[PDB]
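Chains as they are written, first to last, in the authors' numbering: chain q, 58 to 143; chain p, 1 to 80; chain d, 2 to 200; chain l, 2 to 123; chain t, 72 to 92.
Using N, Cα and C, we set each Cβ at its ideal position, and we do this for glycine too.
Right, one structure below, let's go through it.
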RNA sequence: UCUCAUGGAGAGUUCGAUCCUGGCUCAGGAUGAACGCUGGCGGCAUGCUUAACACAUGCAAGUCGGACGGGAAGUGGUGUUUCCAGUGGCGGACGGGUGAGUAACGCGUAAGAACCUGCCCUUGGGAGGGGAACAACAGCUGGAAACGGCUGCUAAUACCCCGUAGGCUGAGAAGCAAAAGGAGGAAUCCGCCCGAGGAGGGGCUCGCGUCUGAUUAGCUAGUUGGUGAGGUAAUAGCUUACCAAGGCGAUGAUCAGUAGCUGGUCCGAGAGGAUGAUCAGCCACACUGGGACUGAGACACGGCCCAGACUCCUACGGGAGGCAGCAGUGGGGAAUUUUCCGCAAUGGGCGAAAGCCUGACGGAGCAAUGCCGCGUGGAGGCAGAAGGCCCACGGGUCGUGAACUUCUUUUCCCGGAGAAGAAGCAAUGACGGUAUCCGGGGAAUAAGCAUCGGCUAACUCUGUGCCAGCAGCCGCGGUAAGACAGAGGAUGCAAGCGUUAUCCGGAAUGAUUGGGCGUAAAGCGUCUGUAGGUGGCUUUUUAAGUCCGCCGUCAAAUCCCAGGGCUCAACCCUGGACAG
Ligand SMILES: [Mg+2]
Ligand SMILES: [Mg+2]
Ligand SMILES: [Mg+2]
Ligand SMILES: [Mg+2]
Ligand SMILES: [Mg+2]
Ligand SMILES: [Mg+2]
Ligand SMILES: [Mg+2]
Ligand SMILES: [Mg+2]
Ligand SMILES: [Mg+2]
Ligand SMILES: [Mg+2]
Ligand SMILES: [Mg+2]
Ligand SMILES: [Mg+2]
Ligand SMILES: [Mg+2]
Ligand SMILES: [Mg+2]
Ligand SMILES: [Mg+2]
Ligand SMILES: [Mg+2]
Ligand SMILES: [Mg+2]
Ligand SMILES: [Mg+2]
Ligand SMILES: [Mg+2]
Ligand SMILES: [Mg+2]
Ligand SMILES: [Mg+2]
Ligand SMILES: [Mg+2]
Ligand SMILES: [Mg+2]
Ligand SMILES: [Mg+2]
Ligand SMILES: [Mg+2]
Ligand SMILES: [Mg+2]
Ligand SMILES: [Mg+2]
Ligand SMILES: [Mg+2]
Ligand SMILES: [Mg+2]
Ligand SMILES: [Mg+2]
Ligand SMILES: [Mg+2]
Ligand SMILES: [Mg+2]
Ligand SMILES: [Mg+2]
Ligand SMILES: [Mg+2]
Ligand SMILES: [Mg+2]
Ligand SMILES: [Mg+2]
Ligand SMILES: [Mg+2]
Ligand SMILES: [Mg+2]
Ligand SMILES: [Mg+2]
Ligand SMILES: [Mg+2]
Ligand SMILES: [Mg+2]
Ligand SMILES: [Mg+2]
Ligand SMILES: [Mg+2]
Ligand SMILES: [Mg+2]
Ligand SMILES: [Mg+2]
Ligand SMILES: [Mg+2]
Ligand SMILES: [Mg+2]
Ligand SMILES: [Mg+2]
Ligand SMILES: [Mg+2]
Ligand SMILES: [Mg+2]
Ligand SMILES: [Mg+2]
Ligand SMILES: [Mg+2]
Ligand SMILES: [Mg+2]
Ligand SMILES: [Mg+2]
Ligand SMILES: [Mg+2]
Ligand SMILES: [Mg+2]
Ligand SMILES: [Mg+2]
Ligand SMILES: [Mg+2]
Ligand SMILES: [Mg+2]
Ligand SMILES: [Mg+2]
Ligand SMILES: [Mg+2]
Ligand SMILES: [Mg+2]
Ligand SMILES: [Mg+2]
Ligand SMILES: [Mg+2]
Ligand SMILES: [Mg+2]
Ligand SMILES: [Mg+2]
Ligand SMILES: [Mg+2]
Ligand SMILES: [Mg+2]
Ligand SMILES: [Mg+2]
Ligand SMILES: [Mg+2]
Ligand SMILES: [Mg+2]
Ligand SMILES: [Mg+2]
Ligand SMILES: [Mg+2]
Ligand SMILES: [Mg+2]
Ligand SMILES: [Mg+2]
Ligand SMILES: [Mg+2]
Ligand SMILES: [Mg+2]
Ligand SMILES: [Mg+2]
Ligand SMILES: [Mg+2]
Ligand SMILES: [Mg+2]
Ligand SMILES: [Mg+2]
Ligand SMILES: [Mg+2]
Ligand SMILES: [Mg+2]
Ligand SMILES: [Mg+2]
Ligand SMILES: [Mg+2]
Ligand SMILES: [Mg+2]
Ligand SMILES: [Mg+2]
Ligand SMILES: [Mg+2]
Ligand SMILES: [Mg+2]
Ligand SMILES: [Mg+2]
Ligand SMILES: [Mg+2]
Ligand SMILES: [Mg+2]
Ligand SMILES: [Mg+2]
Ligand SMILES: [Mg+2]
Ligand SMILES: [Mg+2]
Ligand SMILES: [Mg+2]
């Protein structure tokens, strides 16, 4: 299905990162939407990602008692690069 | 293995069967993969849906005696 | 499960009930004590409406209730649909074709297997009749005798246009579904419905 | 009120509290009478009420009312008790079903007999 | 002598021998 | 005046009255219900909720002589044919029961990649040459029994070796590995070994949804990751050594308490509340705990081993056992059935088939437990009599009610005939001589239970006198009681009617739809501010929400709509779909 975009809280450990994913959900009774935030242990060989980064999260075979997820370069994002002003 | 057989429904003394494709180790009325035919002795109502039967027989489904003979009368074994 | 009690009584209290009795009530002779309840609570009015219905057709309450659920299910005007349902009953169509003296008589007839619906014997009163249906007497001596003497000696020709009758074999025929104006009694169905809002 | 607050679960229901705890979710319970005695009712109702203390199968001891007129009940009798509250007497939440086990039916009651456990007279 | 437990006994013994193998 | 709607009711009670806030109580539905009184019949269902507490007896898993050697019944004999322990083969991992444990990827839903797979299909190649044992049996012997001990003996589709192998290990070089015959006179059949697929059944992994408690605030060190070696059918702290210091947590971790979950069921105008019996799927367990073995498959309910607790047998030296399988007994309890028939149907197991076994299942029996149908008579019946009760004694009312006269026979009784259910060769039916059909009698065999002060439909009289008693709330009852008990009368339902228990409703009384906070319960004493929530206008972008179309799926049964079948209905069957 659709992979999960999130941002990195902790880069400290080797070949791993700790990602925070925020997703919105329409709370079952009262119909307003709420932010629920979950953490993930993501497998990242090469240790390319640092703290603060915005990274897409992919699914794969289990690499540990926790990490099921492969750290993947951000899928698509609006360029923060300056655009023309017509 | 996969077996095409009768599953018993209706009520006391009045019996009506569905013809169904189901793994042989499930119970007699238990859950199944596909419903295919319909059968009944007293109203002498019998008819089937042949593409399904053929698609299961193709993948190796074994019928049971009663069912086997029902398929015989409707000539599903000749097309095979 | 049937009302074997005094008729004239329920007649006095409720009103005129065709399906019960052809004998007009006594002067009533209650003018001595002049005892009244005062007037009737709205509840009593509604209750007597329902009771009217129920006793005209010989139906039990718990039966009436499920008829009413059927009614609330059906798509259309509730009270009307109800009255349809009550008026298509077999002993009732039997009565209203004058094949019987009254509804208890017609019920007795139906019950003893003296009737045929499309060459098939139906002995249960509540059998629901559907359009294009043949109401016949069983071909035996006694059945014919009953139907003949109860048909001929009663002069009334009111037949309400959905009901056909033919002379020698005495083939009754149900033509169609009842019309609200063709109903067998004077009743505000609105009241019975309002009573049944609480079930 | 505030939605934000309602999503902290600020609505919780008040559970149903039973009127006859000693029954423990049953229609009846059998018990043995520890004592049979009389009590005076809360004023202005004065009379003398017939009550017996019963020790039950669920272990509790309660005080239950005996209906009708007259009774044969005495200590170490096995009766059957049912729910329902007598507004008169403080603390009495239970009756004694008449006509079963050790409580006989009320003698010479002709009407509404089923409540008091009485045969139909021939 | 007539001994009746097929399943029990027989499967037991078989299990032993096969286990040694 | 098109379309949508088939749906939301109140009443009493604080006061001398009123309006209000506010609780309590009632009218409705539903039971796996129990108890009281009463009880004719049929149709389809349902039947230990408590003690996952004990269990006497009988039965619930076997089959294959066409894998094999024997011996035992007959027969005249190895022409015929049966049974049978034993070795082997598959099956006992399905079916059946129960809900103790489990707040978990256990369940529902949706995804994934590192796997396994006997039987069943589809397909590519093969089955050479030997040898050795072990039961059985025999003899000797120990045992009360259970069950054993020595020495011989023997067959195989049972064991071992060698040769060959489109597979396995490995960068390669190389290295390594298989077989089984039995039927038939032959054709041919059922098998065997190695690969490669298919379908079904299993193992894992992850997103989301998955009870109450803050008077439970820090928890976790193989714990959270990395490498190296091991291990698993496969990924993995699954294991172990070393390195690093993480992981989870005020959006509630950890700890405690409760609970099997889901299709669904009950209620609700709807939004949603409560619950998880029967019926269907999944999990978990098998006297209490722990192990493994066999095997495609188990850590195995009617298998093994141990410990423990408990029951039995013993000739006292030792053994035997596990109903939460079907019935059945004790016990607990308000409470829940026969130690029944049958493999004929469907479904399983084994077999070449004949066939055998199936307390799964099909049926019967018991019980108003529930839903549904029918009955207990129909038509006429001076308006005269007996009797109950009321009466201002005039009369009223039980009452067309009965008695009485005719008609009818569903049900009852006595006789007859008598299915489908059975599937294509006939045969073969537990139900059952039942369902149904024809005849003969004959109103004949069959009505109770609540209530009658208000809510709430239905009223008077005798008996009692703050007594006896009633009551769901308000409250009745101190001499004429519409509220107690009796009678008559009436009303409501009706083979049921009431009472108690449980749940939702009404309750807008925990309020999203749908409430409040000056004085009725309710604004922190007042600020500063962190997380958190919302946030002015204009243009562009993106498309996460949002919206529309199409696809996959959300099992069948249930609910909804449309037909069809049991005489109708309940129930069953087909087809289809809104929601979300
Ligand atoms: Mg046929
Ligand atoms: Mg009466
Ligand atoms: Mg309602
Ligand atoms: Mg609000
Ligand atoms: Mg309530
Ligand atoms: Mg006050
Ligand atoms: Mg007052
Ligand atoms: Mg209020
Ligand atoms: Mg009720
Ligand atoms: Mg009885
Ligand atoms: Mg239990
Ligand atoms: Mg035994
Ligand atoms: Mg047997
Ligand atoms: Mg043979
Ligand atoms: Mg044999
Ligand atoms: Mg063989
Ligand atoms: Mg021979
Ligand atoms: Mg043998
Ligand atoms: Mg032997
Ligand atoms: Mg099992
Ligand atoms: Mg099982
Ligand atoms: Mg069962
Ligand atoms: Mg539990
Ligand atoms: Mg816990
Ligand atoms: Mg999951
Ligand atoms: Mg989860
Ligand atoms: Mg799982
Ligand atoms: Mg095998
Ligand atoms: Mg070949
Ligand atoms: Mg060879
Ligand atoms: Mg070799
Ligand atoms: Mg071999
Ligand atoms: Mg031969
Ligand atoms: Mg030969
Ligand atoms: Mg293969
Ligand atoms: Mg739940
Ligand atoms: Mg370590
Ligand atoms: Mg509501
Ligand atoms: Mg159960
Ligand atoms: Mg089940
Ligand atoms: Mg297990
Ligand atoms: Mg036990
Ligand atoms: Mg164990
Ligand atoms: Mg193994
Ligand atoms: Mg087993
Ligand atoms: Mg075990
Ligand atoms: Mg057992
Ligand atoms: Mg032991
Ligand atoms: Mg033992
Ligand atoms: Mg043993
Ligand atoms: Mg049992
Ligand atoms: Mg007992
Ligand atoms: Mg007892
Ligand atoms: Mg019972
Ligand atoms: Mg069979
Ligand atoms: Mg069979
Ligand atoms: Mg076979
Ligand atoms: Mg038997
Ligand atoms: Mg059964
Ligand atoms: Mg009986
Ligand atoms: Mg019945
Ligand atoms: Mg009965
Ligand atoms: Mg009862
Ligand atoms: Mg009924
Ligand atoms: Mg009459
Ligand atoms: Mg007759
Ligand atoms: Mg009949
Ligand atoms: Mg035949
Ligand atoms: Mg007859
Ligand atoms: Mg009134
Ligand atoms: Mg009373
Ligand atoms: Mg009540
Ligand atoms: Mg007075
Ligand atoms: Mg006096
Ligand atoms: Mg008096
Ligand atoms: Mg007087
Ligand atoms: Mg009274
Ligand atoms: Mg009376
Ligand atoms: Mg009841
Ligand atoms: Mg509410
Ligand atoms: Mg409240
Ligand atoms: Mg308020
Ligand atoms: Mg004040
Ligand atoms: Mg205040
Ligand atoms: Mg202030
Ligand atoms: Mg203040
Ligand atoms: Mg303060
Ligand atoms: Mg501030
Ligand atoms: Mg801020
Ligand atoms: Mg913002
Ligand atoms: Mg804006
Ligand atoms: Mg469905
Ligand atoms: Mg329909
Ligand atoms: Mg029909
Ligand atoms: Mg359907
Ligand atoms: Mg959809």
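How about residue 87(q): is its C-beta nearer than 8 angstroms to some C-beta of chain l?
Yes, residue 87(q) counts as interfacial toward chain l.
Any residues in the stretch 74-99 of chain q with a beta carbon nearer than 7 angstroms to a beta carbon of chain l? Which ones, in chain order?
Residues of the stretch 74-99 of chain q with a Cβ closer than 7 angstroms to any Cβ of chain l, in chain order: 84, 87, 89, 91.
Under the three-state reduction of DSSP, which class applies to residue 34(p): helix, strand or coil?
The DSSP-derived three-state label of residue 34(p) is strand.
Rounded to whole angstroms, what is the Cα-Cα separation between residue 36(l) and residue 16(l)?
Approximately 35 angstroms between the Cα atoms of the pair.
Is the CB of residue 7(l) under 8 angstroms away from at least one CB in chain q?
It does; some Cβ of chain q falls within 8 angstroms.
State the DSSP-derived secondary structure class of residue 96(l), mapped to helix, strand or coil.
Looking at residue 96(l) - three-state DSSP - the assignment turns out to be strand.
Sort out for me which residues DSSP pairs residue 122(d) with in a bridge.
Assignment of beta-bridge partners to residue 122(d) by DSSP yields 117(d).
Under 6 angstroms Cβ to Cβ from residue 21(d), same chain only, skipping five residues before and after it: list those, please.
Counting only residues of its own chain and dropping the five nearest sequence neighbours on each side, residue 21(d) has a CB closer than 6 angstroms to the CB of 8.
Cβ atoms of residue 42(l) and residue 54(l): under 8 angstroms apart, would you say?
Pairing residue 54(l) with residue 42(l) gives a Cβ-Cβ distance that is not under 8 angstroms.
Can you tell me which residues form a DSSP beta bridge with residue 137(d)?
DSSP, once it has assigned bridges, lists 117(d) as partnering residue 137(d).
Between which residues of its own chain and residue 184(d) is the CB-CB distance below 7 angstroms, once the five residues before and five after are set aside?
Closer than 7 angstroms at the Cβ level, and outside the excluded window around residue 184(d), lie 84, 88.
Considering only residues of the same chain and omitting the five flanking positions on each side of residue 178(d), which have a CB-CB separation below 8 angstroms?
Only 85, 89, 132, 163 meet the Cβ criterion.
Using only the alpha-carbon positions, how far apart do residue 34(p) and residue 66(d) sit?
C-alpha separation (whole angstroms): 41 angstroms.
Residue 115(q) versus 71(q), 98(q), 87(q), residue with shortest Cα-Cα distance:
Taking only the C-alpha atoms, the option nearest residue 115(q) is 98(q).
Would you report the Cα separation of residue 95(q) and residue 79(q), rounded to the nearest angstrom?
Residue 95(q) and residue 79(q) have their C-alpha atoms spaced approximately 7 angstroms apart.
Who are residue 110(q)'s beta bridge partners in DSSP?
Checking the DSSP bridge columns, you'll see residue 110(q) has no partner listed.
Residue 66(l) - containing beta strand (DSSP E), residue span:
For residue 66(l), the uninterrupted beta strand (DSSP E) run begins and ends at 62-66, by DSSP.
Beta carbon of residue 80(l), beta carbon of residue 97(l): below 8 angstroms?
Yes, they are a contact pair.
Check each candidate in 53(p), 24(p), 25(p) and name the one with the smallest Cα separation from residue 71(p).
Here the closest residue by C-alpha is 53(p).
Cα separation between residue 105(d) and residue 59(d)?
CA-CA distance, residue 105(d) to residue 59(d), rounds to 7 angstroms.
Find the nearest neighbour of residue 5(l) within the set 63(q), 90(q), 76(q), 123(q), judged by alpha-carbon distance.
Ranking the options by Cα distance to residue 5(l), first place goes to 90(q).
Within-8 angstroms CB hit, residue 4(l) to chain q:
Closer than 8 angstroms to some Cβ of chain q, the Cβ of residue 4(l) qualifies, so yes.
For residue 121(d) and residue 139(d), believed in contact at Cβ under 8 angstroms, the rounded distance:
About 11 angstroms; that fails the 8 angstroms criterion.
Runs of 3 residues minimum, wholly inside the stretch 47-92 of chain d: which ones carry the beta strand (DSSP E) assignment?
Whole beta strand (DSSP E) segments, 3+ residues: zero.
For residue 75(q), the first and last residue of its enclosing beta strand (DSSP E):
First-last of the beta strand (DSSP E) with residue 75(q): 73-83.
When the distance is taken between beta carbons, is residue 25(p) closer than 8 angstroms to residue 7(p)?
With contacts defined by Cβ atoms closer than 8 angstroms, residue 7(p) and residue 25(p) do not form a contacting pair.
By a C-beta neighbour count over all protein chains shown, 10 Å radius and 16 as the cutoff for buried, is residue 34(l) buried or exposed?
Under this definition residue 34(l) is a buried residue.
Run through the DSSP bridge pairs and tell me what residue 10(p) is partnered with.
Residue 10(p) has 15(p) as its beta-bridge partners, per DSSP.
When the distance is taken between beta carbons, is residue 2(p) closer than 8 angstroms to residue 20(p)?
Not in contact: residue 20(p) and residue 2(p) (Cβ atoms no closer than 8 angstroms).
What number of angstroms, rounded off, separates the C-alpha of residue 62(q) from the C-alpha of residue 72(q)?
C-alpha separation (whole angstroms): 19 angstroms.
By alpha-carbon positions, which one of 119(d), 157(d), 124(d), 63(d) ends up nearest to residue 102(d)?
It is 157(d) whose Cα lies nearest to the Cα of residue 102(d).
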